[PDB]
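Below, in structure tokens: the form deposited in one PDB entry, a single chain.
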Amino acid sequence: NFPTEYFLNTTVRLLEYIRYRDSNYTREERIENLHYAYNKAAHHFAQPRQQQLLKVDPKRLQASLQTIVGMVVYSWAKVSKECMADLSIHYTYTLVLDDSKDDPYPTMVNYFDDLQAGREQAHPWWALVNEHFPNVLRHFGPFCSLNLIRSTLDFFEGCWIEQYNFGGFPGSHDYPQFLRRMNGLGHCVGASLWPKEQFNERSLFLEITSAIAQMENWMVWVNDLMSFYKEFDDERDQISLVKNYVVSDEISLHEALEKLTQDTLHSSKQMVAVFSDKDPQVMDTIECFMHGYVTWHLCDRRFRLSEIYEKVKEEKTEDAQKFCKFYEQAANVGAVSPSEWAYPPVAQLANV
């Protein structure tokens, strides 16, 4: 049974400590970027090649795409429309894999030789991601690029490990976070925040590196907390930082949630301490990302947090009320109807 009571307690503390407040866009801008990113991505995923090598159920691709276009647009508020679109494609390729069930082993036997030789990878996912990667990379300098490349490779290994539905040997205190960094795309996300068009990678090398290092944790932990609801009675998940803290450190689900919350509140505290007296343009990007990322969690269908707002809409219990106020705050800014941007469906473009 889902610990609704604690779920509220934990989420509320987080939203209050960070003083959640999304002011990233005017409703017209939001809609304008959502459509742009979706349109370029939709046309991309509708091509016969992408349609045939990417093994995904149409209704699932469509949902994944709209979920990512939101994530990108809602959290990368300061980058260009082109950048948002190209990033939306990359992170859609990753989300599709994130929910998948496949054995990479057979198609990874000649990974390095094919890579070094320039031959197309045998694993369809890599074939599509690597072929499209330059469209994402043209937006960044060499350092950030390397970070995106590494993180995507890490993420791939992370989905691989998860295929074994293994949560760690009891007593393996390092396994939980080892896996979370693997599947976190932390460095990919943190480095994709600095397009060379807006930032000089050599002038801000230290601030960017720091942002990557620190934002990696804040970023993953926030999702571990916000996405705790959709992940639970879900088979594909189960193997999560929270539930692995349970199996590996042999503690109660209750203690795992509290542990995660303290890490996050701490990660949040230091984000502020370090990036307050720094380059304004840098702070702005971090700020927009942090608040926007939270708005996306409270709004997007993938996380089904409305199924908790409705089942807690009543009953006054301090947390329950504080949660619904936040849920509404975000709902008022990012609860944009799909029919206003996510059109036409990918399936329709594919069969044109």
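Quick note: we count residues from 1 along the sequence shown, nothing fancier. Definition used throughout: the rigid core is the maximal C-alpha set that superposes within 1.5 Å between two forms. Shifts are known only where both forms have a C-alpha.
There is also a form deposited in another entry; it is not shown, and the following applies to it.
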| said: Which one moved? Candidates are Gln62, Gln321, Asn39, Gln51, criterion is a Cα shift of 2 Å or more between this form and the one not shown after superposing on the core. | reply: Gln321
| message | Given a superposition on the rigid core, I'd like a yes or no on whether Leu15 shifts its C-alpha by 2 Å or more between this form and the one not shown. | response | yes
| task | State yes or no: after fitting on the rigid core, is the Cα displacement of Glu307 between this form and the one not shown at least 2 Å? | result | yes
| For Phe232, is the C-alpha shift between this form and the one not shown 2 Å or more after core superposition? | yes
| Can you list the runs of 3 or more residues whose CA atoms move by 2 Å or more between this form and the one not shown, with the rigid core superposed? | 2 to 22, 231 to 237, 307 to 329
